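A short worksheet on the structure shown next.
Nothing in this text is a laboratory measurement; each read-out follows from the coordinates by a stated rule. Cβ atoms come from the backbone with ideal geometry, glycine included; neighbour counts cover every protein chain shown.
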Amino acid sequence: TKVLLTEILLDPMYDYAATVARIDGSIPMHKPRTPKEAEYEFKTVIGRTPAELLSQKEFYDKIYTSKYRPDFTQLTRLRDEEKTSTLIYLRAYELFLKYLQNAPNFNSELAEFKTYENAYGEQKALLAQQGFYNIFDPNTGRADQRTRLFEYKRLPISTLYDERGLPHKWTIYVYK
Amino acid sequence: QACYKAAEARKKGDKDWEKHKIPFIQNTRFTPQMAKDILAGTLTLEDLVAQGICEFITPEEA
Amino acid sequence: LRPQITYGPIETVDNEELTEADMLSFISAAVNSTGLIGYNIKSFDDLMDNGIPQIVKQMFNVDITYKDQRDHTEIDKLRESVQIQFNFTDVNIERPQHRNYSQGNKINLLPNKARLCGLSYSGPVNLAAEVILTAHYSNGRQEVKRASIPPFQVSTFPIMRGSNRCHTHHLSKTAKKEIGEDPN
Amino acid sequence: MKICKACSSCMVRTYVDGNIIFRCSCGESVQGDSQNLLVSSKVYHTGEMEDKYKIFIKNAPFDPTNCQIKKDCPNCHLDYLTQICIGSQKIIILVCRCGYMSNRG
Amino acid sequence: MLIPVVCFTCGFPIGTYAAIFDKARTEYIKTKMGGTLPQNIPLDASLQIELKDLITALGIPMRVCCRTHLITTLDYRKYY
Ligand SMILES: [Zn+2]
Ligand SMILES: [Zn+2]
Ligand SMILES: [Zn+2]
């Protein structure tokens, strides 16, 4: 009993099922404080008594299944956005449970919900935008391209040599 | 081709042989509208490659 | 073959409005094509689906011969060598599994349980084989015994997280988040 | 070398009374007449000779990574040439896709 | 993980207007966003999103530090 409880209490599937059970009030919102509370929470979440769990060979067949069965066919895009988040959460848990159980016709539903959640993540990405600004060039109407970079230009050769062909030596400072 | 036609006209004694030349032009086919389509998500790197606008280059092909 | 496509003349492309901030979008597109580390997942998936099966089924054919070191014991004097010859015919790798309590039925193993319990995120490797033993006798004749083996699990191969053989590949971002994974 | 006419082997060269004798390992022996009086040789500056860059210089007008110069080709009267700089003496060669080559090559 | 209760620099009570400034900001961006996917907003190169008057309407003063910490603080709810 102790080894089974320790194995399953460290399973992430267990904490996820416990969260789903807490959301709809099937188990107390706090962690168990007594052996009776822990046994009751295990019985509700796993769906089988720890002593009865050894007895058989199934494990995933009776894990909690959320109480409210919303309509996920409105996840077909069709007080809606919070409802959309609720539907995303419940559909994700239901598909997680289906994957654990190897339920038939799962890959197609998984891809469908992946598209749904990509749309939902696009909405959340819209919510997660700090803003952005571009300094426009007034002469144009778009992002400024003016720079103080060097720009090559072939200077006249007189800037280096005089009319007798000798190089310039700028060494006399003239003060006015 | 315009260089040859300009040279051909010059050898024929024509005075306006320079008007047969055309300016050289080089450019990329990437347009400002393509940049806007990328940000709208309706243009990916796959169809920029498919349309012959960009291509992949390896350090030995570089 | 000669190329048959043609593009509109380059003299009519209008790019004078292009700014260096618009070119960043191109970089964006590139990063969106390859992801950031997509090559790791692709390479590991290639190793899983195509690499290890090819290596086992092609580069590990065993054909060895050993001296018969037996005693008189009937015809054992007249046999000198035995030829062990076998190769593997079927290869596959599954997702990581863990056995609940004892004598369970090998439930799935999520990455967070592996991290917490110090476990190994390794999926089983199943192999099948056929074996041919040849015994060579002093006079010149030889005898052949051929057996075929049903698939069996040799060991477990490490699974890269996020790859095809990872449990967090059939899960959504919310489901990934709620099983203790970094959803991003 | 000298190649044995019998077994197509590489014969060994010896010198007897002022004559070259090629003796093979199969016993066949011949004497070279004129083309075998070259004991050894060496050529210097192999990394910058014209025989090294023949293919490159021939391919230079077609390589798009080569430097161009605004100067008329005197043969086809194209207004640009391909300039290459080879050697430690920095020899400049102008080439064109028509076959023109400064230095007359 | 949220916009701080007070400005990290001077201690002006930024937090009491944070939540409102969140929602309003999103609405404002929805007006200026324009044919562009949300995750591509910091790449548009044509956007002029300025929150100066929006923050002024909240009563927050013209202090560099306060508006900096209000504008720039990341929200953990929006990344998780
Ligand atoms: Zn010979
Ligand atoms: Zn030429
Ligand atoms: Zn402040």
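Note down all Cβ pairs under 8 Å where the first residue falls in segment B:38-54 and is surrounded by 12 or more Cβ atoms within 10 Å (Cβ to Cβ), the second is of a type in the set (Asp, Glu), and they're at least six residues apart or on different chains.
Qualifying pairs under 8 Å: B:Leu39/E:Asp44; B:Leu43/B:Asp37; B:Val49/B:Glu55.
Give the residues of segment C:104-145 that are within 11 Å of another protein chain (Cβ to nearest Cβ), assigned to a loop (DSSP other than H, G, I, E, B) and at negative phi, sorted by residue number.
Scanning segment C:104-145 gives C:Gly104, C:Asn105, C:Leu109, C:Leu110, C:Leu119.
Within 12 Å of another protein chain (Cβ to nearest Cβ), within 24 Å of B:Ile38 (Cβ to Cβ) and surrounded by fewer than 18 Cβ atoms within 10 Å (Cβ to Cβ): does that describe E:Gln39?
no
Every residue in segment A:104-161 that is under 15 Å from the mean Cα position of the chain (by Cα) and in a loop (DSSP other than H, G, I, E, B), please.
Selection gives A:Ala128, A:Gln129.
Out of all the residues in segment E:41-70, which are of a type in the set (S, T, N, Q) and either more than 9 Å from ligand 3 (Cβ to nearest atom) or within 12 Å of A:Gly131 (Cα to Cα) (or both)?
Across segment E:41-70, the qualifying residues are E:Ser46, E:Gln48, E:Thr56.
Show the residue pairs meeting these rules: Cβ distance below 6 Å; 6+ apart or different chains; first residue within segment A:119-136 and more than 7 Å from chain E (Cβ to nearest Cβ); second residue part of a helix (DSSP H, G or I).
A:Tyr120/A:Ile88
Being assigned to a helix (DSSP H, G or I), surrounded by 12 or more Cβ atoms within 10 Å (Cβ to Cβ), under 32 Å from the mean Cα position of the chain (by Cα) and among the β-branched types (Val, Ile, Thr) narrows it down to one residue among A:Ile8, A:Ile27; which is it?
A:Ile8
Restricting attention to segment D:85-105, and to residues there that are part of a strand (DSSP E or B) and more than 16 Å from ligand 2 (Cβ to nearest atom), which single residue is surrounded by the fewest Cβ atoms within 10 Å (Cβ to Cβ)?
This residue is D:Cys85.
What's the total number of residues in segment D:56-70 that are over 19 Å from the mean Cα position of the chain (by Cα), away from ligand 2 (no atom under 13 Å from the Cβ) and more than 13 Å from chain B (Cβ to nearest Cβ)?
3
Condition check ((1) in contact with a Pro (Cβ under 7 Å, 6 or more places away or on another chain); (2) polar (S, T, N, Q); (3) within 16 Å of ligand 1 (Cβ to nearest atom); (4) under 30 Å from C:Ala30 (Cα atoms)) across all residues:
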residue: E:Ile29; (1), (2), (3), (4): no, no, no, yes
residue: E:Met33; (1), (2), (3), (4): no, no, no, yes
residue: E:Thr36; (1), (2), (3), (4): no, yes, no, yes
residue: E:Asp44; (1), (2), (3), (4): no, no, no, yes
residue: E:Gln48; (1), (2), (3), (4): no, yes, no, yes
residue: E:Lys52; (1), (2), (3), (4): no, no, no, no
residue: E:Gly59; (1), (2), (3), (4): no, no, no, no
residue: E:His69; (1), (2), (3), (4): yes, no, no, no
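Given (1) within 12 Å of the chain's Cα centre (by Cα); (2) outside any loop (DSSP other than H, G, I, E, B), identify the lone condition not met by E:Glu50.
That leaves (2) as the condition not met.
Report, by residue number, each residue of segment C:146-184 that is among the aliphatic types (A, V, I, L, M) and part of a loop (DSSP other than H, G, I, E, B).
Within segment C:146-184, C:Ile159, C:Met160, C:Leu171, C:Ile179 meet the criteria.
List every residue pair whose Cβ atoms sit under 9 Å apart, with the two residues 6 or more apart in sequence or on different chains, where the first one lies in segment E:21-33 and is more than 9 Å from every other protein chain (Cβ to nearest Cβ) and the second, anywhere, is buried (at least 18 other Cβ atoms within 10 Å of the Cβ) and of a type in the set (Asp, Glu).
Here the result reads none, with nothing in segment E:21-33 linked to a residue that is buried (at least 18 other Cβ atoms within 10 Å of the Cβ) and of a type in the set (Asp, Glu).
B:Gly41 passes all but one of (1) in a helix (DSSP H, G or I); (2) at positive phi; which number fails?
The one condition B:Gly41 does not meet is (1).
When A:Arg77 is evaluated against the numbered criteria (1) within 25 Å of C:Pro96 (Cβ to Cβ); (2) more than 11 Å from every other protein chain (Cβ to nearest Cβ), which criterion, by number, is the only one it fails?
A:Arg77 satisfies all of (1) within 25 Å of C:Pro96 (Cβ to Cβ); (2) more than 11 Å from every other protein chain (Cβ to nearest Cβ) except (1).
Would you mind finding the one in D:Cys26, D:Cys7, D:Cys73 that is more than 23 Å from the chain's Cα centre (by Cα), more than 16 Å from ligand 1 (Cβ to nearest atom) and not in a strand (DSSP E or B)?
Among D:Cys26, D:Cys7, D:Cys73, only D:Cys73 is more than 23 Å from the chain's Cα centre (by Cα), more than 16 Å from ligand 1 (Cβ to nearest atom) and not in a strand (DSSP E or B).
Which one of D:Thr14, D:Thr82 is within 16 Å of ligand 1 (Cβ to nearest atom), on the phi < 0 side of the Ramachandran plot, of a type in the set (S, T, N, Q) and assigned to a strand (DSSP E or B)?
D:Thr14
When you go through D:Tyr44, D:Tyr53, D:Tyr15, D:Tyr100 one by one, which is the residue that is away from ligand 3 (no atom under 16 Å from the Cβ) and either among the small types (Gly, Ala, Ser) or within 14 Å of chain B (Cβ to nearest Cβ) (or both)?
One residue alone meets the criteria, D:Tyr100.
For C:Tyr39, indicate whether it is away from chain E (no Cβ under 14 Å), loosely packed, with under 10 Cβ neighbours inside 10 Å, under 43 Å from the mean Cα position of the chain (by Cα) and among the aromatic types (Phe, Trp, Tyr).
no
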